[PDB]
Protein chains: 2
Amino acid sequence: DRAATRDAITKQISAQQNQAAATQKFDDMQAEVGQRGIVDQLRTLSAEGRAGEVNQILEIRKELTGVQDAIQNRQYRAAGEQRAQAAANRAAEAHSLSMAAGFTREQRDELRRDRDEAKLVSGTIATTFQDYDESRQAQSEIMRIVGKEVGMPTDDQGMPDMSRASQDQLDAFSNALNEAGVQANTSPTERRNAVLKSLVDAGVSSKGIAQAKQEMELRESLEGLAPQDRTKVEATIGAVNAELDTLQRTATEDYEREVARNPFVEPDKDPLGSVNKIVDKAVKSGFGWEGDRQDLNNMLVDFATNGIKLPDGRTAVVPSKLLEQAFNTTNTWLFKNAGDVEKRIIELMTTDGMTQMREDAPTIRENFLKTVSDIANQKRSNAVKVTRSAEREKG
Amino acid sequence: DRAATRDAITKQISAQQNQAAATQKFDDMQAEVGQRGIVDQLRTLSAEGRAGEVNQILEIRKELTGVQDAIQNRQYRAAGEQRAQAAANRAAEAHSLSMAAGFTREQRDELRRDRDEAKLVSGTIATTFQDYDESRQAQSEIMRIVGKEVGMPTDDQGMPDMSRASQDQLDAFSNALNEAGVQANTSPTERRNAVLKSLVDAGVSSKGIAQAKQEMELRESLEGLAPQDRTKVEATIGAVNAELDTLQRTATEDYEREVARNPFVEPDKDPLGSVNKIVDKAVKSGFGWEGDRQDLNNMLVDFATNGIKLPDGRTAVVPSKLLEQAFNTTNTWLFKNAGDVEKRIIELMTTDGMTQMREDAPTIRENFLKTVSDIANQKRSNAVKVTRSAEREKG
């Protein structure tokens, strides 16, 4: 548990509560309390994935090949995006842990703050849209009932067809609206300002506000499109983002392989419980500490918790397999006292190649974070440009 | 493990990281993460093999014999090429190990460097094409959807037929492009310059750059061809390379038989653990070392690791079966002390025929390497000439 005093906690903590609320709301929505729709998986992680799920809800070899190709492309893109996001989250957590040596915000927590603001924006927008959808369906019930009562050309969804509805056809709906209902449906403006206020309540930099406004314009444009036109637009967006996706995924495999090579770039809390077995290797037919197994365990967990005092004047946490290979010598009789083993680990951590790898780890970590941030920014930028160009061209 | 200090490592190490990245990317692509295409094996080792796999994806006795003949010829050529490549790789590794006696680059590592540059070029180009293919399919989804919407003559692939598409037919695609999409697809230029920069990042001699440019021109020409015309062109390339393939394969059997004859041309790390059994033959009813089994093992592994001091002033590593036949005499009582057995092996390695075979091994090894390099260069040269001539003749 944490016993630290919050005190002012002006930033990164109100955002923490807001992101906790967003996560619990997403979990509750995914749990599907009661009976609802979502026949398919309906992950709704992103706009492209949500459009793919909607399509899933919806000569012969032509369509047989086309449907399969669409499914394969959508699944590949979504899997790549989600794996990249998870890897970036893990890398950001590792970078924050590494920087937390020594509320000490600096550039690392600045990057953390902007990424968390983006995550908060995305979660809040998804929650707002999900909440709106239920009201849309509830009101569409009455739109369909009224349309059937007066009688308009309708399809499986029940709402009168936009293309087939003439002015006289829409006159029945106008008369019904004049009669009762009073459903203004003006939310497409009020909505975003409300969200803005919530963001103002949370505290967001101008970049996050711009991202939220762009998400509003693109989401409203997408909602205004017909299902077929919406699918066409989202698939064109996927095509124009394909090269960015390929660059992002390739960078992710490169950086995760580098992580697999480097323990310093990614620590782990599991080996904190592993070190005990190494203690056993100091006892079985071996001359180690003079009956100081508890002392050895305490000093090893301290070293794996706070780190060794590097001679340069810094403190670095020793990883697991480097520690065990340092302990595993040709004959254990050489390493008996605590001073000897700490001198051994100190001199081994000061290896030239090991040192170079140590200061290489944060650089590659921050490069990975910067690259994924730039990839996301470029994806959003090309998406907003294409969507606004299409909207202008249509009308 | 290796504890050497990298320090500058300007060459052959950045290339090492790049080739490691290429190999892991190839392994990941071959693993087929998730669901994708590639109904057949789809090895995609070379252009000819990839074309054969594509054909595999695609009176009566006429076609029955023709398909079988095509499959047999393609399989034979691909198997010969891959076996030759593997044998050449093993020979190059053995030559590097032999030269490493005594970062000592010389002509052997110059040949290694140029071969590694060629391998890096091939791997990077294959990875770039594989990455591009997914985007091509994703965008072809929308091209097919739009073409079906407006309505062009189409086949199982879904894209409108090039020959059947008139100017008026392509006017629908032009209007759709003016409408939305904004898919420039200008990569066929930017792509290669990007690769060039990566090569500039890696560090490549001018010959490698020329090879990469030729691979670009031939790959783009192949991509521009129709499937039937592409098959015709690749089969003509195989026919014009058939004599080079025959020369290459015959040279490979000759040189691998010579390797089977000569241990000096190809050592092995396995007998390093085998020598121990010979030690047993020195104990069972035999007068050998005076209780120095560990000393004998240490001296034998040293001899098989660093080599014996030849009287000429050089150091050569003794092979396995020559060693065991040196030890296996008519009566083991003659060879008891270490000095006697080392004198025996020294005088046996100085045999006139054995010596001649010793200096014959590197010569035949480098001849094999030069021959395979020339075969590859001539194959690429005739391929580029035929492809450019065909491209000029078509248009």
# chains A, B, ... in the order shown; residues from 1 in each chain; ligands from 1
>>> closest_atom_pairs(of="chain A", to="chain B", cutoff="10 Å", atoms="only C-alpha atoms", output="CSV")
residue,atom,partner,partner_atom,distance
A:59,CA,B:156,CA,7.7
A:60,CA,B:156,CA,9.1
A:61,CA,B:156,CA,6.3
A:62,CA,B:156,CA,5.2
A:63,CA,B:158,CA,8.6
A:64,CA,B:156,CA,9.3
A:65,CA,B:157,CA,7.6
A:66,CA,B:141,CA,7.0
A:67,CA,B:141,CA,9.2
A:68,CA,B:36,CA,9.6
A:69,CA,B:141,CA,7.3
A:70,CA,B:141,CA,6.6
A:71,CA,B:35,CA,9.5
A:72,CA,B:36,CA,6.2
A:73,CA,B:138,CA,5.9
A:74,CA,B:138,CA,8.4
A:75,CA,B:35,CA,8.2
A:76,CA,B:34,CA,7.3
A:77,CA,B:138,CA,9.6
A:79,CA,B:34,CA,8.5
A:231,CA,B:142,CA,9.6
A:232,CA,B:142,CA,7.1
A:233,CA,B:181,CA,8.1
A:235,CA,B:142,CA,6.7
A:236,CA,B:181,CA,5.6
A:237,CA,B:181,CA,7.9
A:238,CA,B:138,CA,7.7
A:239,CA,B:139,CA,5.2
A:240,CA,B:183,CA,6.6
A:241,CA,B:135,CA,9.0
A:242,CA,B:135,CA,5.5
A:243,CA,B:135,CA,6.9
A:245,CA,B:135,CA,9.3
A:246,CA,B:131,CA,6.6
A:247,CA,B:131,CA,9.0
A:250,CA,B:25,CA,8.6
A:253,CA,B:25,CA,8.2
A:254,CA,B:21,CA,7.2
A:257,CA,B:21,CA,8.8
A:351,CA,B:5,CA,9.3
A:352,CA,B:5,CA,7.3
A:353,CA,B:5,CA,6.5
A:354,CA,B:5,CA,10.0
A:356,CA,B:7,CA,9.9
A:386,CA,B:180,CA,7.6
A:387,CA,B:180,CA,9.0
A:389,CA,B:180,CA,7.6
A:390,CA,B:180,CA,5.8
A:391,CA,B:180,CA,9.5
A:393,CA,B:179,CA,6.7
A:394,CA,B:179,CA,8.1
>>> closest_residue(among="A:109, A:102, A:225, A:32", to="residue 12 (chain A)", atoms="only C-alpha atoms")
A:109
>>> closest_residue(among="B:249, B:314, B:43, B:115", to="residue 101 (chain B)", atoms="only C-alpha atoms")
B:314
>>> closest_residue(among="A:15, A:165, A:275, A:121", to="residue 212 (chain A)", atoms="only C-alpha atoms")
A:121
>>> residues_around(residues="residue 333 (chain B)", least_positions_apart="6", cutoff="10 Å", atoms="only C-alpha atoms", output="MDAnalysis selection string")
chainID B and resid 282 285:288
>>> write_last_selection(atoms="N, CA, C and O atoms", output="short mmCIF file (atom, residue, chain, number, x, y, z; two decimals), in the first residue's frame")
data_model
loop_
_atom_site.label_atom_id
_atom_site.label_comp_id
_atom_site.auth_asym_id
_atom_site.auth_seq_id
_atom_site.Cartn_x
_atom_site.Cartn_y
_atom_site.Cartn_z
N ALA B 282 43.13 -45.08 -23.90
CA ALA B 282 44.46 -45.02 -23.32
C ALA B 282 44.54 -45.66 -21.94
O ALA B 282 45.63 -45.73 -21.37
N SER B 285 43.54 -51.54 -20.33
CA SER B 285 44.65 -52.45 -20.60
C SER B 285 45.72 -51.79 -21.47
O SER B 285 46.28 -52.41 -22.38
N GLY B 286 46.01 -50.53 -21.18
CA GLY B 286 46.98 -49.78 -21.94
C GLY B 286 47.85 -48.88 -21.10
O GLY B 286 47.37 -48.24 -20.16
N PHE B 287 49.14 -48.81 -21.43
CA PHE B 287 50.08 -47.96 -20.70
C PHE B 287 50.12 -46.59 -21.36
O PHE B 287 50.78 -46.41 -22.39
N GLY B 288 49.42 -45.63 -20.77
CA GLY B 288 49.40 -44.28 -21.30
C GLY B 288 50.03 -43.28 -20.34
O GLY B 288 51.11 -43.54 -19.80
#
>>> select_by_dssp(residues="region 44-240 of chain B", states="helix (DSSP H, G or I)", output="number ranges by chain")
B: 47-57, 60-99, 106-150, 167-179, 187-202, 206-224, 227-240
>>> residues_around(residues="residue 373 (chain B)", least_positions_apart="3", cutoff="10 Å", atoms="only C-alpha atoms", output="PyMOL selection string")
chain B and resi 88+111+114-115+248+367-370+376-379
>>> write_last_selection(atoms="C-alpha atoms", output="PDB file, in the first residue's frame")
ATOM      1  CA  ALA B  88      28.432 -21.563 -49.889  1.00  0.00           C
ATOM      2  CA  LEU B 111      34.617 -11.190 -49.329  1.00  0.00           C
ATOM      3  CA  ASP B 114      30.482  -7.949 -49.692  1.00  0.00           C
ATOM      4  CA  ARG B 115      28.497 -11.181 -49.338  1.00  0.00           C
ATOM      5  CA  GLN B 248      26.627 -23.749 -60.070  1.00  0.00           C
ATOM      6  CA  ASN B 367      37.890 -21.003 -55.506  1.00  0.00           C
ATOM      7  CA  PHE B 368      34.434 -22.271 -54.521  1.00  0.00           C
ATOM      8  CA  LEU B 369      33.545 -18.883 -53.033  1.00  0.00           C
ATOM      9  CA  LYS B 370      34.772 -17.016 -56.116  1.00  0.00           C
ATOM     10  CA  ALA B 376      25.407 -15.045 -58.815  1.00  0.00           C
ATOM     11  CA  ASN B 377      26.783 -11.942 -60.545  1.00  0.00           C
ATOM     12  CA  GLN B 378      26.250 -13.431 -64.011  1.00  0.00           C
ATOM     13  CA  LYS B 379      22.739 -14.561 -63.070  1.00  0.00           C
TER      14      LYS B 379
END
